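**Student:** quick one: initial chain(s) of a complex, as found there:
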Amino acid sequence: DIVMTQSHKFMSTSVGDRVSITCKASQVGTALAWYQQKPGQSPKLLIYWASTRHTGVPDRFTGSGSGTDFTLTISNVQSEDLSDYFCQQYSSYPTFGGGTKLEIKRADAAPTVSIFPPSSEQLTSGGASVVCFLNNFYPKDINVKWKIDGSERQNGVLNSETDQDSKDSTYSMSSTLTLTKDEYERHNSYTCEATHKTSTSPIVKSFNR
């Protein structure tokens, strides 16, 4: 059971820059392949036998190494290259790497946060959901805190995150707090609180009933 590890696991780059992706194996070969996967797409082979380009692959993609260490190198990175990369070994039965995702560097941006009370429609059907959007922000790391009447509320929260935007290289986040209609009516103040490195102090959004 050969095992494939890609250790550094996100990488950042600027369009036109060069970046290298590392791949490790738990035992030797020359049998290594590199692949590219865009989200919602099947993988496309880039390189095989460690250094050989698959048909149609552009020249800015090169691969090197032998034995237990391998590198995929992309230079003059284009926007279209932002994506997932993993290795595979065929020395023994195929096993694949975890993959590395490629990200574009940019100017830091603070999130624009917007908060929404439950729609009357949900309330009439007996449920309440409070939605907080945190949108267009970089870099990726972020925290969102929900507070009801001054109190932090940790359960009932579901979180979704977007992949980095193609058009502006920002990130986006969604936070949903689901309550029974009954505790919803029970409290008055509802707040979405975001702390991001662009600020020391959280961006806070609230509504009162």
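**Tutor:** Sure, I can see it. Residues are numbered from 1 along each chain as shown, chains lettered A, B, ... in the order given.
**Student:** excluding its backbone neighbours, what's nearest residue A:21?
**Tutor:** Spatially, and ignoring its direct neighbours in sequence, residue A:21 is nearest to residue A:72 (4.4 Å; Cβ to Cβ, 6 or more residues apart in numbering). From N, CA and C alone the C-beta is placed, and that goes for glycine too.
**Student:** got it, and residue A:196?
**Tutor:** That would be residue A:142: by Cβ to Cβ, 6+ apart, it lies 5.1 Å from residue A:196.
**Student:** from residue A:52, how far off is that neighbour?
**Tutor:** Applying Cβ to Cβ, to the nearest Å, the value for residue A:142 to residue A:52 is 41 Å.
**Student:** neighbour-wise, which of the two wins?
**Tutor:** Comparing residue A:142 with residue A:52 by neighbour count (other Cβ atoms under 10 Å), the higher total belongs to residue A:142, at 18 against 12.
**Student:** what residue is smack in the middle of chain A?
**Tutor:** By Cα atoms, centre = their mean, the mean C-alpha position of chain A lies nearest to residue A:163, the distance being 4.9 Å.
**Student:** that one touches residue A:39, doesn't it?
**Tutor:** Yes - look at residue A:163 against residue A:39 with Cβ atoms under 8 Å: they come within range, at 6.0 Å.
**Student:** and the residue nearest to the centre of chain A, how far from residue A:170?
**Tutor:** As judged by Cβ to Cβ, residue A:163 and residue A:170 stand 11 Å apart.
**Student:** which residues do the two both contact?
**Tutor:** With contacts defined as Cβ atoms under 8 Å, 6 or more residues apart in numbering, no residue is shared by residue A:163 and residue A:170.
**Student:** go ahead and place chain B:
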Amino acid sequence: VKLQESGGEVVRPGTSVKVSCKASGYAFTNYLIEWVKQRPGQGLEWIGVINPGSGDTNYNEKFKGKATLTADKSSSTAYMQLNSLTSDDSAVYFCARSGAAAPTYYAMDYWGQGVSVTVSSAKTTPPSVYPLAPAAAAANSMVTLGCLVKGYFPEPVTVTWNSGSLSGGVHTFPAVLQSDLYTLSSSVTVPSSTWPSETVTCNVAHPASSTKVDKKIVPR
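**Tutor:** Putting chain B together with the chains above:
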């Protein structure tokens, strides 16, 4: 030159499923057909391989009970059947061409679009669509609007704003699981003059339930 797989399935646990890869544009019998499994957020897992001509097979040990691989040379089609389905079995499965057909392992040169398989006991349900409009705290240069799409099965739904006309500044989030069922949201942000002065509408389409819905967003 392609591999075309069968459409996505929703199936119940303890049943069996069979998925098809149909090969065109090359010599089906000279190339091995491999199968791979991708769960969300997880590593690729090899299932096994078939020699279409023989067709002899080689299996990942893990999958020996689960998977049966077969080839029908006359139609240029390869098949995967998976049994005793359980939740851990839900994934997208890919078929791929690899080496000249011989019993050796290869890198995988071409991939099919992949077949999503969902194993669930949940009942097909249409989404509830809820408008998100402000309280409103107001007021500012641009304005953010959304719809919350709740309790639908199975995946997936597509979201659109203003019938797709309006896609500057749309964010649509990946669905998350809430029960039997699935929830997602989408946000739209437009020039603050623009709405409420003229209309903004959420469009949600769910193929599995044969349902499309439109929610106009009205000021709260």
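**Student:** quote the end-to-end distance of stretch B:168-183.
**Tutor:** In stretch B:168-183, first residue to last residue: 23 Å (Cα to Cα, to the nearest Å).
**Student:** what comes up buried for it?
**Tutor:** Neighbour counts over stretch B:168-183 (16 or more other Cβ atoms under 10 Å in any protein chain shown) mark B:169, B:170, B:171, B:172, B:173, B:175, B:181, B:182, B:183 as buried.
**Student:** same deal with stretch A:132-146?
**Tutor:** Neighbour counts over stretch A:132-146 (16+ other Cβ under 10 Å) mark A:132, A:133, A:134, A:135, A:136, A:137, A:138, A:139, A:142, A:144, A:145, A:146 as buried.
**Student:** give me the nearest residue to the last one, chain neighbours excluded.
**Tutor:** Spelled out, it's residue A:146. The shortest distance from residue A:146 to any non-neighbouring residue, by Cβ to Cβ, 6 or more residues apart in numbering or on different chains, is to residue A:153 (4.9 Å).
**Student:** residues contacting residue B:52?
**Tutor:** By Cβ atoms under 8 Å, 6 or more residues apart in numbering or on different chains, the contact list for residue B:52 reads B:28, B:29, B:31, B:32, B:33, B:71, B:73, B:78, B:101.
**Student:** what's the neighbour count on the first one?
**Tutor:** Residues within reach of residue B:28, counting by other Cβ atoms under 10 Å in any protein chain shown, total 23.
**Student:** now the nearest residue to it once chain neighbours are set aside: how far from residue A:174?
**Tutor:** In this structure, residue B:28 finds its nearest non-sequential neighbour in residue B:76, 4.3 Å apart by Cβ to Cβ, 6+ apart. Relative to residue A:174, residue B:76 is positioned 44 Å away (Cβ to Cβ).
**Student:** here is chain C, add it in:
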Amino acid sequence: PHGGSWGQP
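**Tutor:** Adding chain C to what we have so far:
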């Protein structure tokens, strides 16, 4: 099945 190779053309 068992060993590693190719490609050919």
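**Student:** re earlier: test my guess that the residue nearest to the centre of chain A contacts residue A:38.
**Tutor:** No - the criterion here is Cβ under 8 Å, and residue A:163 misses it with residue A:38 at 9.8 Å.
**Student:** which residues does residue C:1 contact?
**Tutor:** By Cβ under 8 Å, 6+ apart, the contact list for residue C:1 reads B:49, B:56, B:58, B:103, B:104, B:105.
**Student:** and the fourth one, how far from chain C?
**Tutor:** Taken as Cβ to the nearest Cβ, to the nearest Å, the spacing of residue B:103 relative to chain C amounts to 3 Å.
**Student:** likewise the first one?
**Tutor:** For residue B:49, the distance to chain C equals 7 Å [Cβ to the nearest Cβ].
**Student:** name whatever forms a beta bridge with that residue.
**Tutor:** Beta-bridge pairing for residue B:49 (DSSP bridges): residue B:34, residue B:58.
**Student:** list the contacts for it?
**Tutor:** By Cβ under 8 Å, 6+ apart, the contact list for residue B:49 reads B:32, B:33, B:34, B:35, B:57, B:58, B:69, B:98, B:105, C:1.
**Student:** now the two most distant members of these.
**Tutor:** Within the contacts of residue B:49, B:69 and B:105 form the most distant pair, 15.2 Å apart (Cβ to Cβ).
**Student:** where along chain B do the helices fall?
**Tutor:** Counting by DSSP state H, chain B has helices at residues B:194-197.
**Student:** do chain A as well
**Tutor:** Secondary structure of chain A by DSSP H: the helices cover A:120-124, A:181-186.
**Student:** nearest to chain B, of those?
**Tutor:** With Cβ to the nearest Cβ as the measure, helix A:120-124 is the member of the helices of chain A nearest chain B (5.1 Å).
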